[PDB]
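Taking it in order: structure first as C-alpha cells, then the write-up.
Bear in mind that the values in this text are calculations on the coordinates, not laboratory data. Ideal geometry is used to build each Cβ from the backbone, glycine not excepted, and the neighbour counts take in all protein chains shown.
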Amino acid sequence: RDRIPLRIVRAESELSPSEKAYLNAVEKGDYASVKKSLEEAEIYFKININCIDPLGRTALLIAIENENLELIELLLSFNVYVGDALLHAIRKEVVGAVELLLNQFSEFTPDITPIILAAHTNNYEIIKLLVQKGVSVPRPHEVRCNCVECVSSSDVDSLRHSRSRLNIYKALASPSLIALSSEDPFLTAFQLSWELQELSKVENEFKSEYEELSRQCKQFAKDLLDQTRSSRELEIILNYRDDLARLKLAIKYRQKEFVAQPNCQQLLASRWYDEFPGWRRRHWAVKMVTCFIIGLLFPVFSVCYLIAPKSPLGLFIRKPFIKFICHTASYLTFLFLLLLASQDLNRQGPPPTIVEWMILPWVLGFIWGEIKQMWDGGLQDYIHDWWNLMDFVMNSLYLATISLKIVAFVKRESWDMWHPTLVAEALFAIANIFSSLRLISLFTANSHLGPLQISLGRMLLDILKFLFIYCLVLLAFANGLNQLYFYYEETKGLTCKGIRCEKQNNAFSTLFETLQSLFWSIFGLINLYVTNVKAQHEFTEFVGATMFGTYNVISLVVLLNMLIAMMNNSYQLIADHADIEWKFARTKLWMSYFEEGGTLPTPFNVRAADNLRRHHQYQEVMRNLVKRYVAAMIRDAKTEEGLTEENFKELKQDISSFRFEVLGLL
Amino acid sequence: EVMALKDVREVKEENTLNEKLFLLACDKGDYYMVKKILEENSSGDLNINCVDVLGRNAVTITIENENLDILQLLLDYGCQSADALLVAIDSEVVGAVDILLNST
Ligand SMILES: Cn1c(=O)n(CCCO)c(=O)c2c1nc(Oc1cccc(OC(F)(F)F)c1)n2Cc1ccc(Cl)cc1
Ligand SMILES: Cn1c(=O)n(CCCO)c(=O)c2c1nc(Oc1cccc(OC(F)(F)F)c1)n2Cc1ccc(Cl)cc1
Ligand SMILES: [Ca+2]
Ligand SMILES: [Zn+2]
C-alpha cells in the first residue's frame, strides 16, 4: 500500500459522553452543572465519580490543576477516589493541599512521599505544613555504607534503589527543609555538600545531579551569608565552635562560595590588616616603600618576640601582614644567598663558610617548618596541596645534597661521573630551581597575578591529561625509530656520541637517545642529517625521514594546536568564575598566617555557661538570618518569573467560573 | 533507622484561627468582611495587626497585592504601620504612597 494506516494500538480507557461532559464542566470550573452531575451520580447513573481520563486526568486531579478551592471542596465532600492527588497539589505549589491533609499507573515514583516532593518543589509554606502534620523522611545510607539488606535491595532492583537514594538526597539538599528542620543549617549545608561530592565521586552515573545538588547547597550557604547585616552577626557566625572555627570548617569543606563572600572578605581583610588603616588608601609607591622598609628591617622585629614578646616591636609580629612581609623578606634573603652561592678544585669540598654555611640551618628551619605542617593536617592535607609536595621534594634534594657532601668529606677532569661532589652539585642546582620557583606561589596575595596563578594551577591537570597522550605517541615513534635505526650504531672515530654535539650523530641508535631526540625535535633543535646513515641504504634513510616527518606533523601541527584549543576551552571554563577561586586561595594563605603557631620565620624558629551563651547567641542570630532569607526568596520568587501556560489557564478559568456563577445568579 | 524531622525553628505562633481567617480575607479582597473583622477588633477578641507565617503585616498584604480599598479601611480604623511606607515605595505604586503620606 502507498498509505500508512493509523490506529491506536494502546487504546487505554474510554469515557462515556456524560463522563466527558462532567470532566469538561469540571475543567470550566462550574458550580451548578458539576454539583448536579454528582447529585445524579449519587443515584444509579452512568456518571461515575472516579472518572479517569486516558491522559490520567481524574476530576480530582483536574480540580487540583484547576486550583478552585470551592470545586476541590465539593469533590472531597462526596468522597472521590483520593489517590496521588495530594502529590499533585504538592507539585502545583498551591496552599490548598491542607484541605486534602484535613480530609493504575502513578505519575510519580512509588518512593515519593509528600515531604520529598515538597522539598523538591522548594515551597516554604508547603514544607512547613507537612512538618507540622508530623513527618519523618527515610534515612539515606552512608556514602560508603555496608548494609546486607541494602545490598540485597540493590540486587533486587538496582534502579529503584538508586532513584530512591537520589530522591532522598534531593529532598535533604533542599534549602527550605535545611532552614526548617536542621539545628545548624551551615554545618548541615557543609556536611551535605561534602556527602554529595563524595556521592558523585562514588556514583559515576548520576554525577551531574549530585553536582547540581552540591552547588545548590553551596549557593544556599552563600545566600545565608548574604542575609547578614552586621559585623557582630559575622563575628557570631564565623567564630562559632561546638578563633574562626566555622571559617576553618568552610576552608576544609571547600566552600568557595561561602569563603569568597564580600562580608566574609571584609572581616578577613579587617583581621589581616590588624590595626593598619589606610593601607589601600595610601599611594602605591608609598605602600611599597612601607613594605620594603618593614621587610628590610626584618631581623629587628624577628629578634623581638623571641626575647621580649610583650614589647611593641615584639607585638609588631602579631599583625599577620607584618608576619607575611617578614616571611617573604626571609625567602628573598634565602634566594639572595642562593644567588651568591651560585656566584676549590678539591676532591671533597670544605664547607664554604663565606656564603654556603648559613644556608645549612635555614634549610634546617625549612625542614622544621615542613615537619610542623606535617603535624598540622596529617598526610592527606599535606598531599592535598601541590606546593607542599614541591616543598617536600625541595627539602629531600637539600637533605640529599648535605648527605652527599658529608659522604664526600668522610671519603676536575679525573673523577668518576658518580662522584658525590658532582651529584651533590647537580642536586643542589635542581633544589635551587625548585626554591626559586617557590616564589610564584606568593602571587595569590597580589591582586593582579592571583587569578593568573590559580587558573594555571587548575589547568595543569588538563595539561597533564594531554601529555599522557603525547607520551604514548612519543613512545610509539621512538620504538619505530629504534627498530629501524639500530643496525647503524657508529662505534669508531666519534669524538662525541649523541645529539648533544656540534655534529649530531647516533640520534636513533638506542631507545634513550631516541626519546631525547624525539623530545628535542619539538623545538627544532634536531637537524635533518641525523637520519642519514653512513651506508648507501637510501630506502631506510627515506623511511626514517618520513617517520621523523610524520612524528613532527603529529606533534607540532596536530597535537600542539589541539592543546591550544583544549587550553582555550579550559581557560574559558576557569575564568568564567576564577575570582572566587582566587579569593578562596588568598583566604587560605591569610588564615594559614593567622595562626599563633609559626609566628617566627624559619630563621629563628629553629565553661558550660559560656557554651550555652554562645549557642543561644548563634541560635537567635540565625533565626534572624533564616527569617531574612525566606523573606528574600519569597520576594525574589514573586518577580522575574514567567507566567507560562498554567497561569493563563488559571486566570482564564477564574473568569469562566465567575461568568458561570453570574449566569447562575442572574 | 529513620531520621526524625521536626520544626526546630518554629518562631511563628498559631495564636487563634481568627487571625488566619482575617489574613485570608486580606488576600481575597473582601472589603465588608474585613470591615466586620475590624468591628470585632473594636470588640476585642482578635487584634488588628498579626504577623503571618511569612513575616509580613496586614498593610503589607494591602500594598504588595496592590489594592487600595482595604488599605484605606485599616487606615480609617487605625493600624500599625511597622515600616510600611518603605513597602509602599517598594511596590512602585503612587496612590498608596500618597495615602501613606496623607525587611529593609
Ligand atoms: C624534560 N625532558 C628533557 O629534558 N629531556 C632531555 C633529556 C636529555 O636530552 C627529554 O629527553 C625529555 C624530557 N621530557 C620528556 O618526556 C616528556 C613527556 C611528556 C611531555 C613532555 O613535554 C613535551 F610534550 F615534549 F613538551 C616531555 N623527555 C623525553 C623522554 C626522555 C627520557 C625518558 Cl626515560 C622518557 C621521555
Ligand atoms: C610526512 N611527510 C614527510 O615525512 N615528508 C618527508 C619525506 C622525506 O623527506 C614529506 O616530504 C611530506 C610528508 N607529508 C607531506 O605532504 C603533506 C600533505 C598534507 C599535510 C602535510 O602535513 C603538514 F601540513 F605539512 F604538516 C604534509 N610531505 C610533502 C610531500 C613530499 C613528497 C610527495 Cl611525493 C608528496 C608530498
Ligand atoms: Ca607550606
Ligand atoms: Zn547500605
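The table that follows gives values for the structure above.
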quantity: Residue match in segment A:587-606 (condition: crowded, with 17+ Cβ neighbours inside 10 Å, within 14 Å of chain B (Cβ to nearest Cβ) and assigned to a helix (DSSP H, G or I)); calculated: no
quantity: Flag if residue A:216 is out of contact with any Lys or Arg (no Cβ under 6 Å at 6 or more places or on another chain), polar (S, T, N, Q) and more than 14 Å from every other protein chain (Cβ to nearest Cβ); calculated: yes
quantity: Scan of segment A:483-517 for residues that are within 13 Å of ligand 1 (Cβ to nearest atom) and assigned to a helix (DSSP H, G or I), ordered by number; calculated: A:511, A:512, A:513, A:514, A:515, A:516, A:517
quantity: Residue satisfying all of: in segment A:129-140; surrounded by fewer than 18 Cβ atoms within 10 Å (Cβ to Cβ) and in a helix (DSSP H, G or I); nearest to the other protein chains (Cβ to nearest Cβ) among these; calculated: A:132
quantity: Residue match in segment A:616-629 (condition: among the charged types (D, E, K, R), surrounded by fewer than 10 Cβ atoms within 10 Å (Cβ to Cβ) and within 14 Å of chain B (Cβ to nearest Cβ)); calculated: no
quantity: All positions within segment A:1-44 that are surrounded by fewer than 12 Cβ atoms within 10 Å (Cβ to Cβ), of a type in the set (D, E, K, R) and not in a helix (DSSP H, G or I); calculated: A:1, A:2, A:3, A:7, A:10, A:12, A:14
quantity: Residue that is away from ligand 3 (no atom under 16 Å from the Cβ), out of contact with any strand residue (DSSP E or B) (no Cβ under 6 Å at 6 or more places or on another chain), within 19 Å of residue A:324 (Cβ to Cβ) and not basic (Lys, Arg), where the choices are A:369, A:450; calculated: A:450
quantity: Residues satisfying the stated conditions in segment A:109-128, i.e. in a helix (DSSP H, G or I) and either among the β-branched types (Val, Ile, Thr) or at the interface with another protein chain (Cβ under 9 Å from one of its Cβ atoms) (or both); calculated: A:115, A:116, A:121, A:124, A:125, A:126, A:127, A:128
quantity: Residues being within 18 Å of residue A:288 (Cα to Cα) and of a type in the set (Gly, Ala, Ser) - total across segment A:302-354; calculated: 2
quantity: Members of segment B:62-81 found to be farther than 19 Å from residue A:629 by Cα and either within 14 Å of another protein chain (Cβ to nearest Cβ) or β-branched (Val, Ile, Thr) (or both), listed by number; calculated: B:62, B:63, B:65, B:66, B:70
quantity: Tally, over segment B:75-102, of residues that are within 22 Å of residue B:40 (Cα to Cα) and in a helix (DSSP H, G or I); calculated: 3
quantity: In segment A:183-196, residue nearest to the other protein chains (Cβ to nearest Cβ) [restricted to those that are of a type outside the set (A, V, I, L, M) and buried (at least 19 other Cβ atoms within 10 Å of the Cβ)]; calculated: A:185
quantity: Flag for residue A:93 being closer than 22 Å to residue A:647 by Cα, of a type in the set (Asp, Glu) and over 44 Å from the mean Cα position of the chain (by Cα); calculated: no
quantity: Contacts under 9 angstrom Cβ, first residue in segment A:10-37 being on the phi > 0 side of the Ramachandran plot, partner among the aromatic types (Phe, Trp, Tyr) and surrounded by 14 or more Cβ atoms within 10 Å (Cβ to Cβ), 6 or more apart; calculated: A:29/A:660
quantity: Within segment A:268-366, helices (runs of 4 or more DSSP H) holding 3 or more residues that are closer than 30 Å to residue A:239 by Cα; calculated: A:320-342
quantity: Cβ-Cβ under 8 Å pairs, at least 6 apart or on other chains, segment B:5-21 side more than 13 Å from every other protein chain (Cβ to nearest Cβ), far side of a type in the set (A, V, I, L, M, F, W, C) and outside any helix (DSSP H, G or I); calculated: B:15/B:50; B:16/B:46; B:18/B:46; B:19/B:46; B:19/B:50
quantity: Residue match in segment A:381-399 (condition: more than 14 Å from chain B (Cβ to nearest Cβ) and more than 16 Å from ligand 3 (Cβ to nearest atom)); calculated: yes
